[PDB]
Amino acid sequence: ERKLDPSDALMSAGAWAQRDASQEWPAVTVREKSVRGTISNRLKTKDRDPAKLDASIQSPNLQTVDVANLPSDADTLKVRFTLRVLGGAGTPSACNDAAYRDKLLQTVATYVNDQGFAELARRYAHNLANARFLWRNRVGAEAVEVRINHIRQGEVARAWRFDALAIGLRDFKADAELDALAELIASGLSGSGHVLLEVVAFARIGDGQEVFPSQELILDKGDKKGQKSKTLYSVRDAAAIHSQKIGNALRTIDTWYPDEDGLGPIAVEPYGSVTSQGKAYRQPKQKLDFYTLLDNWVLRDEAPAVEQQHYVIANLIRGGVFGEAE
Amino acid sequence: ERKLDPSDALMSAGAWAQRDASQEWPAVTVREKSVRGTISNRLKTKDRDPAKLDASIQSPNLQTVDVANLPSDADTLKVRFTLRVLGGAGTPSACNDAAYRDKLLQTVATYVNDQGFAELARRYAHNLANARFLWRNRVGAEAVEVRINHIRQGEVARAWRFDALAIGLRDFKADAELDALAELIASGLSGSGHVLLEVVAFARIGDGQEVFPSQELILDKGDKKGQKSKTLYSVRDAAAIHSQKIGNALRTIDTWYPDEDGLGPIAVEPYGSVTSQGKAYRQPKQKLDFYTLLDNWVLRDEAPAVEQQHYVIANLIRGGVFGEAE
Amino acid sequence: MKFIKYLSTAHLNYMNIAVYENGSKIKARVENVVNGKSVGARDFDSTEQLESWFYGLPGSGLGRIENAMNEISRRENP
RNA sequence: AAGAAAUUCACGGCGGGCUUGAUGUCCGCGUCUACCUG
């Protein structure tokens, strides 16, 4: 009775746009309209040998010629402007409604169950602290991923617009906010009251974000790389394709979701160490770890696999409902 | 006496064109002429594995490094413009005549019968509420399929043209119209009076539709995907081919028909829940359901299989005649 | 059957090389990591050859996984 | 002598490299002739 779905799939509510990096000077911070985009340049590198070598079967004269030579290659490193101190990241993340109304329903009884569970976990557990996870661990600008490293002051300006007009105009300073523990902020509770007005289907909400890392002049970045699968043979020159919008530098939405999908310290191992990206199987791509392994019971794919039969997770539900928000 | 046809086949009256998505700004809504198309951009991804596993017989050494790694494919994802708020869907659905005049006639007596049934169900049952199903559940823009999800205001402009000139010029706001129940609208009765002037063979009718979802900036879409059958080996990189017209993004007519083939809540199970696509065997592709199963008698392939002998369906005829319109 | 490590960070197709040993030979069963259905494998000598011809294929980095995948999937050995 | 078919749900690519080194392009050469912006 009431088996799991044969093929379930949920829409990514709480969606995410692309970023267009563009560079600015402070006290010209407010006038970010004619701020020019940052074209992905092309450096050309000569290599070295920092990689460790094998320990099975060798000959010690190979590293004389290998460690001698230069396997040189071109790298399309996106570099700032000459006389520009600030930065830019223009992303309208719009939050869809319907936290658990599906997109595929391989059994309608399971759909009535899961709508019952959005009714419970949206009726009982208020989304105050829920969207305080999706804001207080994404206003502290994990938005800006590797370019967050040693900013002078990375200022996030989450404007919000009905229309061409914009009413919710909240400004921040994301270096005053940690990335390991969410601390009590009033305006962060306003923005989480607004994503409260988003995920629980109250209003059209698209948050036009304009993050300004005030780092320095011509320094490098952390733009999202493309790939070199069957294109390292026709060109065979580039090795790091920093992906582009029309004439600018992307941050791919794929990276941009675990800026905001980084929600839960509700994992198995850590306490205040690691706040990973709230996923099915909770796997981070960096560490090659599997937080919340199969043998543990903190899977997303054990949260309705137990909750759809026995109704007990008890506030690890949030890392089993936010696995369904995206 | 009067057996069924050995091979019957009917032309898809009420045809459908392709869509060319193209992006715009509001108050430049009226001037959608030089509005640029939206090229299927190519993001390239990296993930974890949120897919589950079969739990029959395994070795536990697999899933640690199965889940732990980076599944990183190239995903051609159609993305909006940078500074464009609106959207676009230019489709001239032209309605053919001859609601039940066949294309193949494996017995001419059955053809005389079925022309008799278009004579009855077109003479007795007026196509007022019939085309009110093909309009009031396709002006409420199920046209725009997944991109309907959380629009600010998805405006449909069904222009209609004799020629280069266009006379029937009706404008809408498809967020003020539901997708579960058709409500009484005067201009929807004008458009259904016009498809009344279409299916009952009165005039040349091609409805140039220009749907404007006013959602946001650079957000994703729901363009119709291609396939990867014997092309995931030569290229072996892409996994979602968003199909293209000449330089734009399609919506395939295959998806575009159950925008308007979604007619009947005249199924077996639901009352006001599910308004599926009016088909033979009434099968929706999402839910893997069979509404109107073989053991029930709400099949299209039991509507002339009973009506061609005994003349009694009684207003479930509409889900047995609209199965013949397309 | 007597499973060992992969070849270097699948995926790119949800497909993997997924080298695992046999008692005498070593099978290289190019497969998914989800439900389990593979494409054609290849049986040959030990890991000392596996890294040898795996490094003997063109491209750099991920393209060696991919060109190795297309090289195994048009197999000769049943 | 084909006529109908929701292929879609989402998805951290990053991590770090000295390209370098060194150089005779020169030498000659009739553009060409005339012609109402009404």
# chains A, B, ... in the order shown; residues from 1 in each chain; ligands from 1

$ residues_around --residues "residue D:10" --least-positions-apart "4" --cutoff "10 Å" --atoms "only C-alpha atoms (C1' of nucleotides)" --output "short mmCIF file (atom, residue, chain, number, x, y, z; two decimals) with C-alpha atoms, in the first residue's frame"
data_model
loop_
_atom_site.label_atom_id
_atom_site.label_comp_id
_atom_site.auth_asym_id
_atom_site.auth_seq_id
_atom_site.Cartn_x
_atom_site.Cartn_y
_atom_site.Cartn_z
CA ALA A 9 10.53 14.67 -10.86
CA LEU A 10 10.12 18.13 -9.38
CA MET A 11 10.54 21.60 -10.87
CA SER A 12 13.41 23.71 -9.55
CA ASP A 254 24.86 25.11 -12.54
CA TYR A 257 22.56 26.95 -7.59
CA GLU A 326 15.64 22.20 -6.13
CA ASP B 47 26.89 17.66 -10.71
CA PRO B 50 20.65 12.59 -7.37
#

$ interface_residues --of "chain B" --to "chain C" --cutoff "10 Å" --atoms "only C-alpha atoms" --output "PyMOL selection string"
chain B and resi 44-55+59+61-63+65-75+232-239

$ calpha_fit_and_write --fixed "chain B" --moving "chain A" --output "short mmCIF file (atom, residue, chain, number, x, y, z; two decimals) with C-alpha atoms, in the first residue's frame"
data_model
loop_
_atom_site.label_atom_id
_atom_site.label_comp_id
_atom_site.auth_asym_id
_atom_site.auth_seq_id
_atom_site.Cartn_x
_atom_site.Cartn_y
_atom_site.Cartn_z
CA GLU A 1 -23.54 -5.48 -41.29
CA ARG A 2 -21.60 -2.18 -41.25
CA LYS A 3 -18.35 -3.39 -39.75
CA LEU A 4 -15.53 -1.08 -38.72
CA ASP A 5 -12.92 0.20 -41.15
CA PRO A 6 -9.89 -2.02 -41.79
CA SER A 7 -7.67 1.06 -42.02
CA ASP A 8 -9.10 4.47 -41.17
CA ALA A 9 -7.08 7.66 -40.78
CA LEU A 10 -8.13 11.28 -40.38
CA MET A 11 -6.37 14.54 -41.20
CA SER A 12 -5.37 16.75 -38.26
CA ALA A 13 -7.92 19.49 -38.69
CA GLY A 14 -7.10 22.37 -36.44
CA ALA A 15 -3.42 22.33 -37.36
CA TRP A 16 -0.53 23.97 -35.57
CA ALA A 17 2.67 25.79 -36.51
CA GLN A 18 6.04 26.04 -34.80
CA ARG A 19 7.05 28.64 -32.25
CA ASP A 20 9.97 31.03 -32.55
CA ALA A 21 10.84 32.38 -29.13
CA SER A 22 12.11 35.97 -29.20
CA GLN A 23 12.61 38.41 -26.37
CA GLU A 24 11.27 41.83 -25.70
CA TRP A 25 10.72 44.53 -23.08
CA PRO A 26 7.31 45.74 -21.86
CA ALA A 27 6.03 49.06 -23.31
CA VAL A 28 7.99 47.85 -26.29
CA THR A 29 5.35 45.07 -26.27
CA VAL A 30 3.47 46.44 -29.29
CA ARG A 31 6.58 46.77 -31.49
CA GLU A 32 7.47 43.05 -31.72
CA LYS A 33 8.93 43.19 -35.22
CA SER A 34 12.70 43.60 -34.81
CA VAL A 35 12.63 41.43 -31.67
CA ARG A 36 15.67 39.18 -31.77
CA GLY A 37 15.46 35.43 -31.54
CA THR A 38 16.91 33.44 -28.66
CA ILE A 39 19.79 31.22 -29.74
CA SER A 40 20.15 27.89 -27.96
CA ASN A 41 23.29 28.47 -25.84
CA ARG A 42 25.47 25.60 -24.52
CA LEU A 43 26.05 25.29 -20.78
CA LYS A 44 28.42 22.60 -19.52
CA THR A 45 27.39 20.79 -16.32
CA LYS A 46 29.14 18.77 -13.65
CA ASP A 47 26.84 16.16 -12.24
CA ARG A 48 25.95 14.90 -8.79
CA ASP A 49 24.09 11.78 -7.65
CA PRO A 50 20.43 12.42 -6.85
CA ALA A 51 19.18 9.19 -8.37
CA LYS A 52 18.07 6.41 -6.05
CA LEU A 53 20.03 3.19 -6.32
CA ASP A 54 19.03 -0.46 -6.67
CA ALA A 55 17.77 -2.67 -3.83
CA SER A 56 18.45 -6.19 -5.20
CA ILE A 57 22.19 -6.92 -4.94
CA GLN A 58 24.90 -4.36 -4.16
CA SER A 59 28.05 -3.56 -2.18
CA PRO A 60 28.06 -0.36 -0.08
CA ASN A 61 31.52 0.82 -1.20
CA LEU A 62 30.36 1.57 -4.76
CA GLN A 63 28.62 4.81 -3.75
CA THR A 64 31.83 6.10 -2.18
CA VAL A 65 33.52 6.36 -5.59
CA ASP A 66 30.33 6.84 -7.63
CA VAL A 67 28.85 9.42 -5.23
CA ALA A 68 32.37 10.80 -5.14
CA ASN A 69 32.96 11.27 -8.88
CA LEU A 70 31.56 13.70 -11.46
CA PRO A 71 29.83 12.17 -14.51
CA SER A 72 29.90 15.60 -16.09
CA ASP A 73 28.19 16.46 -19.38
CA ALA A 74 27.18 19.36 -21.62
CA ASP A 75 23.58 20.59 -21.72
CA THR A 76 22.37 23.04 -24.35
CA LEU A 77 20.13 25.11 -22.13
CA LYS A 78 18.33 27.89 -23.99
CA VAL A 79 18.74 31.02 -21.92
CA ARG A 80 17.13 34.44 -22.28
CA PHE A 81 18.77 37.73 -23.18
CA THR A 82 20.54 39.90 -20.64
CA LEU A 83 18.25 42.95 -20.53
CA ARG A 84 15.00 41.48 -21.90
CA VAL A 85 11.99 40.99 -19.65
CA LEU A 86 9.32 39.66 -22.00
CA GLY A 87 9.17 36.58 -24.18
CA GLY A 88 7.67 35.42 -27.46
CA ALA A 89 5.83 32.58 -29.19
CA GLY A 90 4.80 33.22 -32.79
CA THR A 91 2.45 30.44 -33.93
CA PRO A 92 -0.12 30.54 -36.72
CA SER A 93 -2.42 27.64 -35.89
CA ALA A 94 -4.65 27.34 -38.93
CA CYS A 95 -7.80 25.27 -38.57
CA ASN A 96 -8.66 22.99 -41.44
CA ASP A 97 -12.21 22.11 -42.41
CA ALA A 98 -13.87 18.67 -42.60
CA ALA A 99 -14.17 17.54 -38.99
CA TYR A 100 -14.73 13.92 -39.98
CA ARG A 101 -14.20 13.67 -43.73
CA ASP A 102 -11.46 11.07 -43.74
CA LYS A 103 -8.13 10.63 -45.46
CA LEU A 104 -8.39 6.84 -45.86
CA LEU A 105 -11.64 4.96 -46.45
CA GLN A 106 -11.15 1.21 -46.19
CA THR A 107 -14.94 0.82 -46.50
CA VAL A 108 -17.07 3.53 -48.09
CA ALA A 109 -20.17 2.61 -46.04
CA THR A 110 -18.27 3.44 -42.84
CA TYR A 111 -17.31 6.74 -44.48
CA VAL A 112 -20.98 7.48 -45.17
CA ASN A 113 -21.68 6.64 -41.53
CA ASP A 114 -18.93 8.92 -40.17
CA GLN A 115 -20.00 11.74 -42.46
CA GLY A 116 -23.45 11.10 -40.99
CA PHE A 117 -21.97 11.49 -37.52
CA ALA A 118 -20.26 14.75 -38.33
CA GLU A 119 -23.69 15.69 -39.68
CA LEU A 120 -25.30 14.79 -36.35
CA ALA A 121 -22.64 16.03 -33.91
CA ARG A 122 -22.13 19.11 -36.09
CA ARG A 123 -25.85 19.68 -36.66
CA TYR A 124 -27.29 18.84 -33.23
CA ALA A 125 -24.38 19.62 -30.90
CA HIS A 126 -23.35 23.14 -31.88
CA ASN A 127 -19.60 23.77 -31.68
CA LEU A 128 -20.01 26.78 -29.33
CA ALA A 129 -18.79 25.03 -26.18
CA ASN A 130 -16.61 22.70 -28.30
CA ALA A 131 -14.43 25.54 -29.56
CA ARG A 132 -14.82 27.08 -26.13
CA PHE A 133 -12.83 24.03 -25.03
CA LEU A 134 -10.33 24.59 -27.86
CA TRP A 135 -10.01 28.27 -26.87
CA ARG A 136 -10.77 28.73 -23.14
CA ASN A 137 -8.33 25.89 -22.44
CA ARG A 138 -5.82 27.17 -25.01
CA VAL A 139 -6.07 30.96 -24.59
CA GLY A 140 -5.26 30.47 -20.96
CA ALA A 141 -1.87 29.88 -22.37
CA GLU A 142 -1.19 26.18 -22.13
CA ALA A 143 0.41 27.09 -25.48
CA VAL A 144 3.45 28.14 -23.45
CA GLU A 145 4.02 24.87 -21.65
CA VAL A 146 6.67 24.92 -18.91
CA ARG A 147 7.54 28.60 -19.39
CA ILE A 148 4.02 29.37 -18.09
CA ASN A 149 5.31 28.58 -14.58
CA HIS A 150 5.31 31.80 -12.53
CA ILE A 151 4.96 34.49 -15.11
CA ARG A 152 4.37 38.04 -14.01
CA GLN A 153 1.72 38.29 -16.75
CA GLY A 154 1.64 35.98 -19.77
CA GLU A 155 -0.20 38.01 -22.41
CA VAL A 156 -1.58 36.24 -25.49
CA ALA A 157 -2.27 38.32 -28.61
CA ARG A 158 -4.20 36.11 -31.06
CA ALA A 159 -4.17 38.24 -34.16
CA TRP A 160 -6.10 36.83 -37.10
CA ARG A 161 -5.51 37.63 -40.76
CA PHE A 162 -7.35 37.22 -44.04
CA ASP A 163 -4.19 38.28 -45.83
CA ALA A 164 -1.36 40.67 -45.04
CA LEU A 165 -4.21 42.64 -43.47
CA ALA A 166 -5.52 41.34 -40.14
CA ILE A 167 -9.03 42.01 -38.83
CA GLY A 168 -9.74 39.77 -35.85
CA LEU A 169 -7.39 41.30 -33.28
CA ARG A 170 -8.13 39.92 -29.82
CA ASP A 171 -5.87 40.51 -26.82
CA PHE A 172 -5.84 38.71 -23.48
CA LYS A 173 -4.20 38.15 -20.11
CA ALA A 174 -3.78 34.41 -19.64
CA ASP A 175 -2.99 34.55 -15.93
CA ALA A 176 -6.59 35.63 -15.31
CA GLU A 177 -7.77 32.30 -16.78
CA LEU A 178 -7.50 28.94 -15.04
CA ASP A 179 -6.29 25.64 -16.44
CA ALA A 180 -8.81 23.38 -14.67
CA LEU A 181 -12.20 24.95 -15.45
CA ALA A 182 -13.30 27.07 -18.41
CA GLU A 183 -15.09 30.19 -17.17
CA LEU A 184 -17.53 32.43 -19.02
CA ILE A 185 -15.66 35.03 -21.12
CA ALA A 186 -17.25 37.10 -23.89
CA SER A 187 -14.19 37.47 -26.12
CA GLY A 188 -13.46 33.79 -25.61
CA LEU A 189 -16.93 33.23 -27.04
CA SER A 190 -15.95 35.43 -29.98
CA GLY A 191 -12.86 33.33 -30.64
CA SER A 192 -14.88 30.16 -30.21
CA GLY A 193 -17.40 31.63 -32.64
CA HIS A 194 -14.46 32.00 -34.98
CA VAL A 195 -13.31 28.41 -34.58
CA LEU A 196 -17.02 27.75 -35.10
CA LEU A 197 -16.40 29.51 -38.40
CA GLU A 198 -13.37 27.22 -38.87
CA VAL A 199 -14.21 23.59 -38.12
CA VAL A 200 -17.66 23.79 -39.74
CA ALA A 201 -16.02 24.94 -43.04
CA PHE A 202 -16.83 28.62 -43.35
CA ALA A 203 -13.58 30.52 -43.96
CA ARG A 204 -9.82 30.47 -44.30
CA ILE A 205 -8.61 30.87 -40.73
CA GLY A 206 -5.00 31.05 -39.60
CA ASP A 207 -4.59 32.46 -36.10
CA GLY A 208 -1.28 34.26 -35.79
CA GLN A 209 -0.56 34.01 -32.05
CA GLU A 210 2.02 36.18 -30.28
CA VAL A 211 2.27 35.13 -26.64
CA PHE A 212 4.32 37.42 -24.37
CA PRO A 213 5.35 35.89 -21.02
CA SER A 214 6.58 38.90 -19.05
CA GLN A 215 8.57 36.81 -16.58
CA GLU A 216 12.02 38.27 -15.99
CA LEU A 217 15.53 38.68 -17.36
CA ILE A 218 18.09 35.98 -18.18
CA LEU A 219 16.06 33.00 -16.76
CA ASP A 220 15.78 29.58 -18.40
CA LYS A 221 12.96 28.23 -20.57
CA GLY A 222 11.07 25.12 -21.58
CA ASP A 223 11.91 24.76 -25.28
CA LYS A 224 11.24 21.41 -26.87
CA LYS A 225 14.13 19.00 -26.57
CA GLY A 226 15.43 16.86 -29.40
CA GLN A 227 16.87 13.40 -28.90
CA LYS A 228 20.15 11.54 -28.42
CA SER A 229 19.43 8.28 -30.25
CA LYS A 230 22.69 7.16 -31.96
CA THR A 231 24.05 10.72 -31.66
CA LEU A 232 25.33 10.34 -28.07
CA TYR A 233 28.25 8.31 -29.47
CA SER A 234 29.65 10.40 -32.33
CA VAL A 235 29.48 13.63 -30.32
CA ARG A 236 28.90 12.00 -26.89
CA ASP A 237 28.84 15.41 -25.19
CA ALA A 238 25.35 16.93 -25.36
CA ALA A 239 22.48 15.44 -23.39
CA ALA A 240 19.63 17.88 -24.07
CA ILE A 241 19.34 19.23 -27.62
CA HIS A 242 16.96 22.17 -27.57
CA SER A 243 15.67 22.04 -31.12
CA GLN A 244 16.07 24.94 -33.52
CA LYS A 245 14.36 26.68 -36.38
CA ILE A 246 16.62 28.78 -38.59
CA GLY A 247 18.64 30.44 -35.83
CA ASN A 248 15.96 30.33 -33.11
CA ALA A 249 14.48 27.95 -30.52
CA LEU A 250 11.60 25.70 -31.48
CA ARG A 251 8.63 24.45 -29.71
CA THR A 252 7.97 21.29 -31.66
CA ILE A 253 4.42 20.99 -33.03
CA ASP A 254 4.28 17.60 -31.33
CA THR A 255 4.29 19.36 -27.94
CA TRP A 256 2.24 22.20 -29.33
CA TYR A 257 -0.80 20.04 -30.12
CA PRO A 258 -1.55 19.01 -26.49
CA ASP A 259 -1.49 22.68 -25.72
CA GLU A 260 -4.75 22.70 -27.63
CA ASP A 261 -5.54 19.00 -27.58
CA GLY A 262 -5.96 19.43 -23.79
CA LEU A 263 -9.72 19.55 -23.95
CA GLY A 264 -11.70 17.11 -21.90
CA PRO A 265 -12.33 16.70 -18.19
CA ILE A 266 -14.67 14.03 -19.54
CA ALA A 267 -12.40 11.23 -18.36
CA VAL A 268 -13.20 8.33 -16.04
CA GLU A 269 -11.50 9.27 -12.77
CA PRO A 270 -11.17 13.05 -12.22
CA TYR A 271 -13.82 15.67 -11.56
CA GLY A 272 -11.99 19.01 -11.43
CA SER A 273 -8.45 17.76 -10.93
CA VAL A 274 -6.95 16.70 -14.26
CA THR A 275 -7.84 18.13 -17.70
CA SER A 276 -5.74 15.84 -19.89
CA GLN A 277 -5.05 15.91 -23.63
CA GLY A 278 -7.95 14.52 -25.62
CA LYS A 279 -6.51 11.47 -27.29
CA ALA A 280 -7.26 7.95 -28.29
CA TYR A 281 -6.82 5.96 -25.05
CA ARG A 282 -6.55 9.43 -23.31
CA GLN A 283 -3.00 8.69 -22.18
CA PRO A 284 -0.90 11.52 -20.72
CA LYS A 285 2.81 11.13 -21.28
CA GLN A 286 3.81 12.64 -17.92
CA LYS A 287 2.00 10.53 -15.39
CA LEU A 288 2.34 7.18 -17.23
CA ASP A 289 -1.41 6.84 -16.65
CA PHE A 290 -4.12 5.44 -18.85
CA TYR A 291 -7.16 7.54 -18.19
CA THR A 292 -10.04 5.86 -20.09
CA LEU A 293 -8.54 2.38 -20.03
CA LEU A 294 -9.71 -0.55 -22.21
CA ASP A 295 -11.98 -1.88 -19.47
CA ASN A 296 -13.69 1.49 -19.22
CA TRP A 297 -15.77 2.71 -22.15
CA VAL A 298 -14.47 6.27 -22.63
CA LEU A 299 -12.04 5.29 -25.39
CA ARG A 300 -11.89 7.06 -28.71
CA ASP A 301 -11.60 3.59 -30.16
CA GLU A 302 -14.92 2.72 -28.52
CA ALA A 303 -16.69 5.91 -29.62
CA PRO A 304 -17.31 4.88 -33.27
CA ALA A 305 -16.95 1.26 -32.20
CA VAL A 306 -20.22 1.83 -30.34
CA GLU A 307 -21.56 4.93 -32.09
CA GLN A 308 -21.24 3.42 -35.60
CA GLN A 309 -23.61 0.63 -34.46
CA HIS A 310 -25.87 2.04 -31.75
CA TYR A 311 -25.76 5.87 -31.93
CA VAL A 312 -25.61 6.48 -28.14
CA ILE A 313 -22.71 8.19 -26.36
CA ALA A 314 -24.61 11.23 -24.96
CA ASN A 315 -22.20 14.18 -24.66
CA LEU A 316 -19.10 12.15 -24.07
CA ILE A 317 -19.31 12.32 -27.89
CA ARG A 318 -17.12 15.41 -27.61
CA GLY A 319 -14.22 13.34 -26.30
CA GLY A 320 -14.90 10.96 -29.20
CA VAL A 321 -15.22 13.65 -31.86
CA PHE A 322 -12.30 15.78 -30.66
CA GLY A 323 -10.30 12.57 -30.85
CA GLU A 324 -11.09 12.81 -34.58
CA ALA A 325 -10.39 16.52 -34.93
CA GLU A 326 -6.76 15.60 -34.31
#

$ select_by_dssp --residues "stretch 52-241 of chain B" --states "strand (DSSP E or B)" --output "PyMOL selection string"
chain B and resi 74-75+90-94+104-105+154-160+169-171+206-213+225+238

$ interface_residues --of "chain D" --to "chain B" --cutoff "7 Å" --atoms "only C-alpha atoms (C1' of nucleotides)" --output "list in words"
residues 3, 5, 6, 7, 11, 12 and 13 of chain D

$ atom_distance --atom1 "atom CA of residue C:52" --atom2 "atom CA of residue C:77"
18.6 Å

$ atom_distance --atom1 "atom CA of residue C:28" --atom2 "atom CA of residue C:42"
5.4 Å

$ residues_around --residues "residue C:72" --least-positions-apart "4" --cutoff "12 Å" --atoms "only C-alpha atoms (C1' of nucleotides)" --output "compact mmCIF listing (two decimals) with C-alpha atoms, in the first residue's frame"
# COMPACT_ATOMS: atom_id res chain seq x y z
CA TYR B 233 28.24 8.24 -29.23
CA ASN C 16 32.04 5.61 -16.88
CA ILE C 17 34.83 3.29 -17.83
CA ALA C 18 34.60 1.48 -14.45
CA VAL C 19 37.53 -0.91 -14.59
CA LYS C 27 37.31 -6.40 -17.60
CA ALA C 28 36.73 -2.77 -18.58
CA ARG C 29 32.94 -2.55 -18.60
CA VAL C 30 31.91 0.89 -19.83
CA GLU C 31 28.74 1.55 -17.87
CA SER C 38 26.41 -1.07 -19.62
CA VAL C 39 27.61 -0.84 -23.18
CA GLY C 40 30.28 -3.17 -24.60
CA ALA C 41 33.29 -4.11 -22.47
CA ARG C 42 36.77 -5.36 -23.32
CA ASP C 43 38.85 -8.09 -21.66
CA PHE C 44 42.65 -7.90 -21.64
CA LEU C 50 45.14 -0.64 -18.74
CA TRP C 53 46.82 1.99 -23.64
CA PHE C 54 44.55 4.30 -21.64
CA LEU C 57 44.78 7.34 -26.56
CA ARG C 64 40.97 10.41 -22.84
CA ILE C 65 37.98 9.11 -20.87
CA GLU C 66 35.69 9.96 -23.75
CA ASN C 67 37.83 8.60 -26.60
CA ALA C 68 38.51 5.55 -24.44
CA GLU C 76 36.01 -6.65 -30.89
CA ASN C 77 36.09 -9.02 -27.91
CA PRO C 78 32.89 -10.77 -26.70

$ atom_distance --atom1 "atom CA of residue C:24" --atom2 "atom CA of residue C:55"
22.2 Å

$ select_by_dssp --residues "stretch 207-313 of chain B" --states "alpha helix (DSSP H)" --output "ChimeraX atom specification"
/B:253-260,303-310
